[PDB]
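In mature numbering (1 follows the signal peptide of the UniProt record, and there is no 0), the protein residues as written are 36 to 196, 208 to 425.
Every residue gets a Cβ at the ideal spot worked out from N, C-alpha and C, and that includes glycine.
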Amino acid sequence: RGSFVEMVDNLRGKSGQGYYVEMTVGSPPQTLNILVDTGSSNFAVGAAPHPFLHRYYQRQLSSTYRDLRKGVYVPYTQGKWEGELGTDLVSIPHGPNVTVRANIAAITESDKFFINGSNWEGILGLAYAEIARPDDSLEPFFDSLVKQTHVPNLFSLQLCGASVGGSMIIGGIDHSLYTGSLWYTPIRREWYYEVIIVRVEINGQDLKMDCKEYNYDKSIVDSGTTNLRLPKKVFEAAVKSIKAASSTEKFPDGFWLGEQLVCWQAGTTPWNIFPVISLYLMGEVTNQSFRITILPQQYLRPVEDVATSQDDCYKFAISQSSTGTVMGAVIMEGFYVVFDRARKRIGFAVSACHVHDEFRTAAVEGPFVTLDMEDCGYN
Ligand SMILES: C[C@H]1SC(N)=N[C@](C)(c2cc(NC(=O)c3cnc(OCF)cn3)ccc2F)[C@H]1F
């Protein structure tokens, strides 16, 4: 129940292009690389020869393909996909030894969806039915997986920060992927992986904001987002505090707003000048919280694709949000994250693969006594 050597290192990717798992669709099996995405609920795959695609789902080749005779148009704030809904046989070669009949959205037109130069051709939406397109009757993949097999209602993600990697442990926890203890936060509601942030610290210095701001209008765990995204006010106070803590060196305003990169000579990054960032999360027990702490090496992420610079260039990967807090790859790269769906909870433990230096490490610590944690949730 605690060692899944088969599924260790089943995630690949490129920096800033996300984390993908190999998947097969149809009979005979068609291999596809699929973005692992805890911030959506559709299993959506390229099904037409978009020029950026390495491969695509060819329904005509699958004898087990069934048509639901229903389309879906999915817009985002920037970009879209449109698909045809059907079902087919789906398996995960480096996952559990099973085959599932799952909903597939066959992507027939898209815009700013696929990444030019990326090595994935679809998205595996791991969140719940409530946010599935077009509605909650379109059963997400993981629900079908759990319903149809004896795979436990749990998956865990170790996201390791040009090549990235890690593990998606399907049906369990691999103890070699973390150090110390897992600490669990409740899933507030089963739509996104919603959580409640209870306290925020920059280098141990509390932001002293009304904790309702931290979760305005929600906080989510999202492997499909690069940044730690913060509500506008929280971002402002956080940046003011990060500025103060790092005032040893001055940086342009546009860097903090993600409008410019900032570059240093190779190996000459002042990591120690930048603060740690701590998020206190609601614990399992009344008045009990725990704290997750990330490093500058999580939120100041390298931009390798700069043709106009011979130096080491970085993006400030904490940005403002109007959809609430998004604990993206910036958070998740620090931690082994257990999506304990059976128990409506998310476990955090320090990642065995997280990027750190000789002085500071990412941390998961508790218990702490935090009162009025329920007031932090926005209604
Ligand atoms: C608005 C988005 S947010 C979300 N969770 N999921 C959706 C389906 C979505 C996500 C993405 N992700 C990425 O490209 C990406 C890149 N780098 C990452 O980490 C560092 F490597 C993580 N993810 C691409 C297209 C998408 F459509 C959309 F809903």
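Could you tell me the alpha carbon to alpha carbon distance between residue i and residue j, rounded to whole angstroms?
{"i": "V244", "j": "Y224", "result": "24 Å"}
{"i": "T99", "j": "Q356", "result": "52 Å"}
{"i": "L88", "j": "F148", "result": "11 Å"}
{"i": "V372", "j": "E165", "result": "18 Å"}
{"i": "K258", "j": "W155", "result": "37 Å"}
{"i": "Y424", "j": "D256", "result": "11 Å"}
{"i": "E41", "j": "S191", "result": "14 Å"}
{"i": "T315", "j": "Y92", "result": "44 Å"}
{"i": "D146", "j": "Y360", "result": "27 Å"}
{"i": "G412", "j": "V43", "result": "28 Å"}
{"i": "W317", "j": "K49", "result": "23 Å"}
{"i": "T66", "j": "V415", "result": "49 Å"}
{"i": "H400", "j": "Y55", "result": "18 Å"}
So, residue i versus residue j, is the Cβ gap smaller than 9 Å?
{"i": "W237", "j": "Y163", "result": "yes"}
{"i": "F381", "j": "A408", "result": "yes"}
{"i": "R168", "j": "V107", "result": "yes"}
{"i": "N132", "j": "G121", "result": "no"}
{"i": "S367", "j": "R275", "result": "yes"}
{"i": "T272", "j": "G374", "result": "yes"}
{"i": "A395", "j": "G226", "result": "yes"}
{"i": "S292", "j": "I158", "result": "no"}
{"i": "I392", "j": "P232", "result": "yes"}
{"i": "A290", "j": "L253", "result": "no"}
{"i": "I142", "j": "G81", "result": "yes"}
{"i": "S397", "j": "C195", "result": "yes"}
{"i": "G270", "j": "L46", "result": "no"}
Check residue i in the structure and name its three-state DSSP category.
{"i": "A408", "result": "coil"}
{"i": "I233", "result": "coil"}
{"i": "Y260", "result": "helix"}
{"i": "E282", "result": "helix"}
{"i": "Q343", "result": "helix"}
{"i": "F301", "result": "helix"}
{"i": "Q251", "result": "strand"}
{"i": "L67", "result": "strand"}
{"i": "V181", "result": "helix"}
{"i": "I166", "result": "helix"}
{"i": "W155", "result": "coil"}
{"i": "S50", "result": "coil"}
{"i": "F78", "result": "strand"}
{"i": "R94", "result": "helix"}
{"i": "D72", "result": "strand"}
{"i": "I266", "result": "strand"}
{"i": "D171", "result": "coil"}
{"i": "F176", "result": "helix"}
{"i": "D146", "result": "strand"}
{"i": "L228", "result": "strand"}
Assuming the contact rule is C-beta atoms closer than 8 Å, residue i and residue j should be a hit. Round their C-beta distance to whole Å, please.
{"i": "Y345", "j": "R337", "result": "Between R337 and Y345 the Cβ distance is about 16 Å, and since that is not below 8 Å, they are no contact."}
{"i": "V280", "j": "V246", "result": "7 Å"}
{"i": "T73", "j": "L161", "result": "5 Å"}
{"i": "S38", "j": "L124", "result": "The Cβ separation is near 28 Å, so there is no contact."}
{"i": "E240", "j": "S265", "result": "7 Å"}
{"i": "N249", "j": "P321", "result": "4 Å"}
{"i": "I216", "j": "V186", "result": "7 Å"}
{"i": "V384", "j": "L189", "result": "7 Å"}
{"i": "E350", "j": "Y230", "result": "Rounded, the Cβ-Cβ distance is 35 Å, inconsistent with contact."}
Relative to ligand 3, is the shortest distance from any of its heavy atoms to the C-beta of residue i smaller than 8 Å?
{"i": "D268", "result": "Within the structure as shown, ligand 3 is missing, the only ligands being ligand 1."}
If we cut at 9 Å on Cβ distances, does residue i have a partner in chain B?
{"i": "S367", "result": "Within the model displayed, chain B is absent; a lone protein chain is all it includes."}
At which residue ranges does the segment 350 to 419 contain complete alpha helix (DSSP H) runs of 4 or more residues, listed in the order of the chain?
375 to 378
Restricting to runs no shorter than 4 residues, where is the alpha helix (DSSP H) found entirely within the segment 100 to 141?
none
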